[PDB]
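Here is final_11.cif, consisting of mmCIF, N, CA, C and O atoms:
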data_my_file
#
loop_
_atom_site.label_atom_id
_atom_site.label_comp_id
_atom_site.auth_asym_id
_atom_site.auth_seq_id
_atom_site.Cartn_x
_atom_site.Cartn_y
_atom_site.Cartn_z
N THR R 1 -12.14 5.44 -6.08
CA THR R 1 -11.61 4.21 -6.68
C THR R 1 -10.99 3.33 -5.59
O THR R 1 -10.42 3.84 -4.65
N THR R 2 -11.13 2.01 -5.69
CA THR R 2 -10.56 1.19 -4.67
C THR R 2 -9.14 0.84 -4.98
O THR R 2 -8.85 0.35 -6.08
N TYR R 3 -8.25 1.10 -4.03
CA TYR R 3 -6.83 0.76 -4.17
C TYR R 3 -6.48 -0.35 -3.20
O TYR R 3 -7.10 -0.49 -2.15
N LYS R 4 -5.49 -1.17 -3.54
CA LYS R 4 -5.11 -2.28 -2.64
C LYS R 4 -3.63 -2.14 -2.26
O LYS R 4 -2.87 -1.56 -3.00
N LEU R 5 -3.28 -2.65 -1.08
CA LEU R 5 -1.93 -2.63 -0.53
C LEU R 5 -1.56 -4.05 -0.12
O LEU R 5 -2.20 -4.62 0.78
N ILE R 6 -0.59 -4.65 -0.78
CA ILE R 6 -0.16 -5.99 -0.43
C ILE R 6 1.12 -5.90 0.41
O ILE R 6 2.11 -5.35 -0.06
N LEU R 7 1.09 -6.42 1.64
CA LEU R 7 2.27 -6.40 2.50
C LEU R 7 2.85 -7.81 2.53
O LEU R 7 2.16 -8.76 2.87
N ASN R 8 4.11 -7.92 2.13
CA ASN R 8 4.81 -9.20 2.07
C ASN R 8 6.03 -9.06 2.95
O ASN R 8 6.87 -8.19 2.71
N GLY R 9 6.17 -9.92 3.96
CA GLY R 9 7.35 -9.81 4.80
C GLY R 9 7.31 -10.54 6.11
O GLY R 9 6.38 -11.28 6.38
N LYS R 10 8.33 -10.34 6.92
CA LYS R 10 8.39 -11.03 8.18
C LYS R 10 7.76 -10.21 9.28
O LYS R 10 7.36 -10.71 10.32
N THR R 11 7.63 -8.92 8.99
CA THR R 11 7.05 -8.02 9.96
C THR R 11 5.54 -8.18 10.00
O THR R 11 4.98 -8.40 11.07
N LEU R 12 4.90 -8.06 8.85
CA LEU R 12 3.43 -8.19 8.73
C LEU R 12 3.10 -8.65 7.32
O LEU R 12 3.70 -8.18 6.35
N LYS R 13 2.17 -9.60 7.22
CA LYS R 13 1.73 -10.13 5.92
C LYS R 13 0.24 -9.95 5.77
O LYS R 13 -0.53 -10.38 6.63
N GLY R 14 -0.18 -9.32 4.70
CA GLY R 14 -1.60 -9.14 4.49
C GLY R 14 -1.93 -8.27 3.31
O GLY R 14 -1.05 -7.92 2.51
N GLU R 15 -3.21 -7.92 3.19
CA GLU R 15 -3.70 -7.04 2.13
C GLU R 15 -4.84 -6.20 2.72
O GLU R 15 -5.67 -6.72 3.45
N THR R 16 -4.83 -4.92 2.41
CA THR R 16 -5.84 -3.95 2.83
C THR R 16 -6.20 -3.14 1.59
O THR R 16 -5.45 -3.13 0.61
N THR R 17 -7.38 -2.48 1.62
CA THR R 17 -7.84 -1.68 0.50
C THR R 17 -8.22 -0.34 1.10
O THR R 17 -8.39 -0.21 2.31
N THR R 18 -8.29 0.65 0.22
CA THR R 18 -8.70 1.97 0.59
C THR R 18 -9.39 2.58 -0.63
O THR R 18 -9.13 2.21 -1.78
N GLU R 19 -10.36 3.46 -0.35
CA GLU R 19 -11.12 4.18 -1.35
C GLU R 19 -10.46 5.58 -1.43
O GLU R 19 -10.31 6.24 -0.41
N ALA R 20 -10.00 5.99 -2.61
CA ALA R 20 -9.43 7.35 -2.74
C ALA R 20 -9.77 7.91 -4.14
O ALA R 20 -10.20 7.15 -5.01
N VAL R 21 -9.64 9.24 -4.32
CA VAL R 21 -9.87 9.89 -5.64
C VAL R 21 -8.78 9.43 -6.65
O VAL R 21 -9.04 9.37 -7.85
N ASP R 22 -7.55 9.25 -6.14
CA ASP R 22 -6.40 8.88 -6.95
C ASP R 22 -5.34 8.03 -6.21
O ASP R 22 -5.45 7.76 -5.01
N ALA R 23 -4.31 7.60 -6.96
CA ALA R 23 -3.27 6.76 -6.40
C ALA R 23 -2.38 7.55 -5.45
O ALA R 23 -1.87 7.01 -4.48
N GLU R 24 -2.22 8.84 -5.71
CA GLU R 24 -1.44 9.68 -4.82
C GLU R 24 -2.06 9.67 -3.43
O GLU R 24 -1.35 9.49 -2.45
N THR R 25 -3.38 9.85 -3.35
CA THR R 25 -4.08 9.87 -2.05
C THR R 25 -4.00 8.52 -1.39
O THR R 25 -3.64 8.46 -0.22
N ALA R 26 -4.31 7.46 -2.15
CA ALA R 26 -4.22 6.07 -1.67
C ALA R 26 -2.83 5.82 -1.12
O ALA R 26 -2.70 5.36 -0.01
N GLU R 27 -1.78 6.11 -1.89
CA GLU R 27 -0.43 5.93 -1.37
C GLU R 27 -0.16 6.60 -0.01
O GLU R 27 0.60 6.06 0.82
N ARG R 28 -0.75 7.78 0.21
CA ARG R 28 -0.57 8.52 1.47
C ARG R 28 -1.17 7.72 2.60
O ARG R 28 -0.55 7.55 3.66
N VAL R 29 -2.38 7.24 2.38
CA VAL R 29 -3.07 6.45 3.39
C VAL R 29 -2.28 5.20 3.71
O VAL R 29 -2.01 4.88 4.87
N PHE R 30 -1.87 4.47 2.67
CA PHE R 30 -1.10 3.21 2.85
C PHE R 30 0.28 3.40 3.54
O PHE R 30 0.70 2.56 4.33
N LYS R 31 0.97 4.49 3.22
CA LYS R 31 2.24 4.79 3.86
C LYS R 31 2.00 5.00 5.36
O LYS R 31 2.80 4.57 6.17
N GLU R 32 0.92 5.69 5.72
CA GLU R 32 0.56 5.98 7.14
C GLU R 32 0.24 4.67 7.84
O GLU R 32 0.59 4.45 9.01
N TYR R 33 -0.42 3.78 7.11
CA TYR R 33 -0.74 2.48 7.67
C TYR R 33 0.52 1.62 7.87
O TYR R 33 0.69 0.96 8.88
N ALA R 34 1.38 1.61 6.87
CA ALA R 34 2.60 0.81 6.97
C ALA R 34 3.43 1.34 8.11
O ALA R 34 3.87 0.55 8.92
N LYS R 35 3.62 2.64 8.20
CA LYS R 35 4.42 3.20 9.29
C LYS R 35 3.81 2.87 10.65
O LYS R 35 4.50 2.45 11.58
N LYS R 36 2.51 3.07 10.77
CA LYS R 36 1.88 2.74 12.02
C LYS R 36 2.14 1.27 12.43
O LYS R 36 2.27 0.97 13.61
N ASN R 37 2.22 0.34 11.47
CA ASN R 37 2.43 -1.04 11.83
C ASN R 37 3.86 -1.49 11.75
O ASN R 37 4.14 -2.67 11.68
N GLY R 38 4.77 -0.52 11.77
CA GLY R 38 6.18 -0.80 11.75
C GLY R 38 6.76 -1.47 10.52
O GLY R 38 7.72 -2.23 10.62
N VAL R 39 6.22 -1.14 9.36
CA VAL R 39 6.66 -1.72 8.11
C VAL R 39 7.38 -0.71 7.25
O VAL R 39 6.95 0.44 7.12
N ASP R 40 8.49 -1.15 6.65
CA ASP R 40 9.29 -0.30 5.77
C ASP R 40 9.26 -0.79 4.33
O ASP R 40 8.37 -0.42 3.55
N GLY R 41 10.25 -1.58 3.97
CA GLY R 41 10.32 -2.11 2.62
C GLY R 41 10.29 -1.24 1.37
O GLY R 41 10.12 -0.02 1.39
N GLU R 42 10.45 -1.94 0.26
CA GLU R 42 10.47 -1.36 -1.06
C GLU R 42 9.05 -1.39 -1.63
O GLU R 42 8.40 -2.43 -1.66
N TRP R 43 8.60 -0.22 -2.08
CA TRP R 43 7.27 -0.05 -2.64
C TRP R 43 7.14 -0.09 -4.15
O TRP R 43 7.90 0.57 -4.88
N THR R 44 6.17 -0.85 -4.63
CA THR R 44 5.90 -0.89 -6.05
C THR R 44 4.44 -0.59 -6.26
O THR R 44 3.60 -0.96 -5.43
N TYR R 45 4.13 0.11 -7.32
CA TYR R 45 2.74 0.42 -7.66
C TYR R 45 2.43 0.00 -9.09
O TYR R 45 3.17 0.33 -10.02
N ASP R 46 1.35 -0.74 -9.25
CA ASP R 46 0.93 -1.18 -10.57
C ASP R 46 -0.43 -0.54 -10.86
O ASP R 46 -1.42 -0.85 -10.23
N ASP R 47 -0.43 0.39 -11.81
CA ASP R 47 -1.63 1.14 -12.19
C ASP R 47 -2.77 0.30 -12.70
O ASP R 47 -3.94 0.61 -12.47
N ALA R 48 -2.43 -0.77 -13.41
CA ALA R 48 -3.42 -1.65 -14.02
C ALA R 48 -4.25 -2.38 -12.97
O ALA R 48 -5.45 -2.59 -13.15
N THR R 49 -3.61 -2.73 -11.87
CA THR R 49 -4.34 -3.41 -10.83
C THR R 49 -4.64 -2.54 -9.59
O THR R 49 -5.18 -3.03 -8.59
N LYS R 50 -4.29 -1.24 -9.68
CA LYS R 50 -4.47 -0.26 -8.62
C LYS R 50 -3.93 -0.84 -7.34
O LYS R 50 -4.50 -0.64 -6.29
N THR R 51 -2.81 -1.55 -7.41
CA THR R 51 -2.25 -2.17 -6.24
C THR R 51 -0.87 -1.74 -5.82
O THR R 51 0.01 -1.63 -6.66
N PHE R 52 -0.67 -1.48 -4.55
CA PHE R 52 0.68 -1.17 -4.08
C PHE R 52 1.22 -2.44 -3.45
O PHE R 52 0.48 -3.13 -2.71
N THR R 53 2.46 -2.81 -3.74
CA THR R 53 3.06 -4.01 -3.13
C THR R 53 4.30 -3.55 -2.42
O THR R 53 5.11 -2.80 -2.98
N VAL R 54 4.38 -3.95 -1.16
CA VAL R 54 5.51 -3.59 -0.31
C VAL R 54 6.20 -4.83 0.16
O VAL R 54 5.59 -5.70 0.77
N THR R 55 7.49 -4.91 -0.14
CA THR R 55 8.28 -6.02 0.31
C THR R 55 9.13 -5.52 1.49
O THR R 55 9.72 -4.45 1.45
N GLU R 56 9.13 -6.26 2.57
CA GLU R 56 9.88 -5.84 3.73
C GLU R 56 11.36 -6.26 3.67
O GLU R 56 12.22 -5.49 4.17
#
Would you mind writing the file's structure down as structure tokens?
Amino acid sequence: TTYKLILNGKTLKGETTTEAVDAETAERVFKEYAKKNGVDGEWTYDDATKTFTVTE
């Protein structure tokens, strides 16, 4: 399933997607990506849109 990650902030702004079996797996990938790019913020997940939104 395709999951999306919306990054909103002063550190990095953008959107990336990942293919995973579930949201748990997708979240793992996205957390690794956010950390690698120096992003922290508050995370929200919306199941209806399979989207994670991170505010820095």
*Let me know the residues the PyMOL selection byres ((chain R and resi 10-20) around 7) catches in the file above, as number ranges by chain.*
R: 1-9, 21-23, 25-26, 37-39, 52, 54, 56
_I need the residues in chain R that are strand (DSSP E or B) according to DSSP; give them as JSON, numbers by chain._
{"R": [2, 3, 4, 5, 6, 7, 8, 14, 15, 16, 17, 18, 19, 42, 43, 44, 45, 46, 51, 52, 53, 54, 55]}
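Atom pair CA of residue 29 in chain R / atom N of residue 51 in chain R has a distance of 13.4 Å (rounded to one decimal).
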*asked:* To test your reading of the structure, identify every residue in chain R that backbone DSSP assigns to alpha helix (DSSP H), and report it as a PyMOL selection string.
replied: chain R and resi 23-36
*asked:* Please compute the atom C of residue 32 in chain R-CA of residue 45 in chain R distance, one decimal, in Å.
replied: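 Distance reported for this atom pair: 16.3 Å.
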*Suppose you want the space between CA of residue 43 in chain R and CA of residue 55 in chain R; what is it in Å?*
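If I compute the distance from CA of residue 43 in chain R to CA of residue 55 in chain R, I get 6.7 Å.
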